[PDB]
Amino acid sequence: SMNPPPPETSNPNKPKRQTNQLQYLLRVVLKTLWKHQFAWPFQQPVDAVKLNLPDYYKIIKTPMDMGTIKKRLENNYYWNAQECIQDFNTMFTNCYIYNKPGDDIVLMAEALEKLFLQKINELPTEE
Ligand SMILES: Cc1cnc(Nc2ccc(OCCN3CCCC3)cc2)nc1Nc1cccc(S(=O)(=O)NC(C)(C)C)c1
């Protein structure tokens with residue numbers, strides 16, 4: 001089978017705002033995770049065709065990845081910081097769901113999640 005279309009990253013019908021928290025999510029959180037040595041499996045939608053994973057999109061029905069999150073942030077797609085944090089959580093939980101405890105890919109996600117949570121603990125109060 002084909003891959004699904006990627007998640008939406010722009011919708012001109014959606015209102016936009018910039019907030020200090022969304023700025024921090026792009027400029028600090030996403031920038032820090034992106035450069036991590038384990039970030040590469042998470043930087044774009046899973047290409048189940050190229051990776052030969054016929055069951056991936058049978059199991060993962062709410063796909064998410066950092067490439068999508070980056071594009072959402074750069075497009076001002078998100079209104080609330082919590083939408084973006086939810087997308088990161090979806091990405092990490094999808095990894096845990098598809099794979100098994102102690103798999104290398106799971107240890108990679110665990111390391112990125114720990115860093116994510118450290119950076120979110122420093123999320124500035126909304127202004
Ligand atoms: C976000 C994500 C979540 N879970 C997975 N799990 C996963 C994906 C592919 C897997 O394929 C096993 C056999 N292939 C591994 C490389 C040779 C053939 C096994 C597990 N991959 C993910 N992303 C991913 C992205 C690019 C490449 C790869 S990979 O195919 O190189 N698989 C890993 C070695 C990283 C597990 C995986």
Side-chain angles (χ1 to χ4, degrees), residues 1-17 19-125 127:
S1 33
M2 304 158 81
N3 290 313
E8 190 173 62
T9 54
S10 172
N11 182 341
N13 292 334
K14 295 182 76 185
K16 304 170 157 48
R17 71 179 178 172
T19 69
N20 61 324
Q21 292 185 330
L22 287 160
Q23 287 169 337
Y24 173 90
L25 282 161
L26 181 58
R27 296 183 182 284
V28 178
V29 179
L30 180 68
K31 169 183 250 186
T32 297
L33 296 202
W34 195 273
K35 73 183 203 225
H36 195 280
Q37 71 170 297
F38 293 160
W40 61 273
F42 305 99
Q43 284 173 343
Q44 58 288 307
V46 171
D47 183 336
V49 175
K50 214 165 106 299
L51 301 180
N52 195 19
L53 305 177
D55 63 337
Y56 187 82
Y57 292 109
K58 303 188 188 291
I59 293 159
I60 298 305
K61 304 300 195 183
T62 302
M64 190 48 59
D65 63 279
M66 294 203 296
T68 298
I69 294 167
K70 178 160 208 319
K71 288 169 180 186
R72 286 181 170 195
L73 282 162
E74 297 278 7
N75 272 293
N76 299 300
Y77 181 87
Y78 299 122
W79 184 265
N80 286 336
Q82 163 193 81
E83 298 173 271
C84 178
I85 291 162
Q86 176 59 251
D87 282 350
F88 276 103
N89 288 150
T90 294
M91 183 184 78
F92 294 125
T93 61
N94 285 345
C95 184
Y96 307 144
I97 288 161
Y98 184 69
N99 306 278
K100 298 304 194 302
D103 285 346
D104 285 343
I105 187 68
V106 168
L107 303 173
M108 297 170 75
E110 285 174 358
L112 295 169
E113 183 181 33
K114 179 174 173 164
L115 180 58
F116 172 73
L117 291 171
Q118 291 173 338
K119 298 303 186 186
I120 294 305
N121 282 340
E122 296 150 10
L123 187 73
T125 313
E127 272 146 31

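Sequence positions, counted from 1, serve as the residue numbers for this chain. What's counted below: heavy atoms across the whole structure, side chains too, no hydrogens, waters or symmetry copies.
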More than 12 heavy atoms of other residues, nucleotides or ligands under 6.0 Å from CG of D55: is that the case? yes
Could you tell me if the side chain of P41 sits less than 4.5 Å from the side chain of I105, heavy atoms only? yes
Is the side chain of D65 donor-acceptor paired with the backbone N or O of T68 at a distance under 3.5 Å, no angle test? yes
From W79 atom CH2 to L22 atom CG, the distance as rounded to the nearest 0.5 Å: 10.5 Å
Side-chain touch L25/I85, heavy atoms, less than 4.5 angstrom: yes
So if you build clusters from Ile, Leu, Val, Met, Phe, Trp, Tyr with side-chain heavy-atom gaps below 4.5 Å, do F88 and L123 land together? yes
Within a 6.0 Å radius of atom CD on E122, are there more than 12 heavy atoms belonging to other residues, nucleotides or ligands? yes
For residues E127 and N20, report the shortest heavy-atom separation together with the two atoms involved. N-OD1, 3.0 Å
Hey, any chance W34 and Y77 share a hydrophobic cluster, counting ILVMFWY side chains that come within less than 4.5 Å of each other, even indirectly? yes
To the nearest 0.5 Å, what is the distance between CG (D103) and SG (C95)? 8.5 Å
For a quick test of reading the model, state the closest non-hydrogen atom pair linking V46 to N3 and the distance between them. O-OD1, 4.0 Å
Please report the closest heavy-atom contact between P63 and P7, naming both atoms and the distance. O-CG, 3.6 Å
Which class fits the ring pair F38 and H36: parallel under 30°, tilted 30 to 60°, perpendicular over 60°? tilted
Is there a side-chain contact between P54 and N52, using heavy atoms and a 4.5 Å cut-off? yes
Would you mind reporting whether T19 and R17 have side-chain heavy atoms less than 4.5 Å apart? yes
Linking I/L/V/M/F/W/Y whenever their side-chain heavy atoms sit closer than 4.5 Å, directly or via other members, would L112 and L73 fall into one cluster? yes
Give me each pair satisfying ring pair (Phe, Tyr, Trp, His ring centres under 6.0 Å) with a member in residues 39-72, each pair once, sequence neighbours excluded. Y56-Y98
Do other residues, nucleotides or ligands put more than 12 heavy atoms under 6.0 Å from the NZ atom of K31? no
Do the side chains of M108 and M91 join up, straight or via other hydrophobic residues, at under 4.5 Å, putting them in one cluster? yes
Pairwise distance OG(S10) to NZ(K16) - rounded to 0.5 angstrom: 5.5 Å
Approximate separation, where rounding is to 0.5 Å, of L115 CG and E110 CD: 13.5 Å
Can you measure from OG1 (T93) to CD (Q86) and round to the nearest 0.5 angstrom? 7.5 Å
Any donor-acceptor pair under 3.5 Å from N75 side chain to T9 backbone: yes
In Å, rounded to the nearest 0.5 Å, how long is the span from OH of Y24 to CG of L30? 12.0 Å
Just wondering, more than 12 heavy atoms not from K50 lying within 6.0 Å of its NZ? no
Looking at residues at least two apart in the chain, or sitting in another chain, which of them share a side-chain contact (heavy atoms from CB on, under 4.5 Å) with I97? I59, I60
Looking only at side-chain N and O atoms, does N11 offer a donor or acceptor that is under 3.5 Å from a partner on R72? no
Check whether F116 and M66 end up in the same hydrophobic cluster, where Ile, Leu, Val, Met, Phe, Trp and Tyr are linked by side-chain heavy atoms less than 4.5 Å apart. yes
Are any non-hydrogen side-chain atoms of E74 and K71 less than 4.5 angstrom apart? no
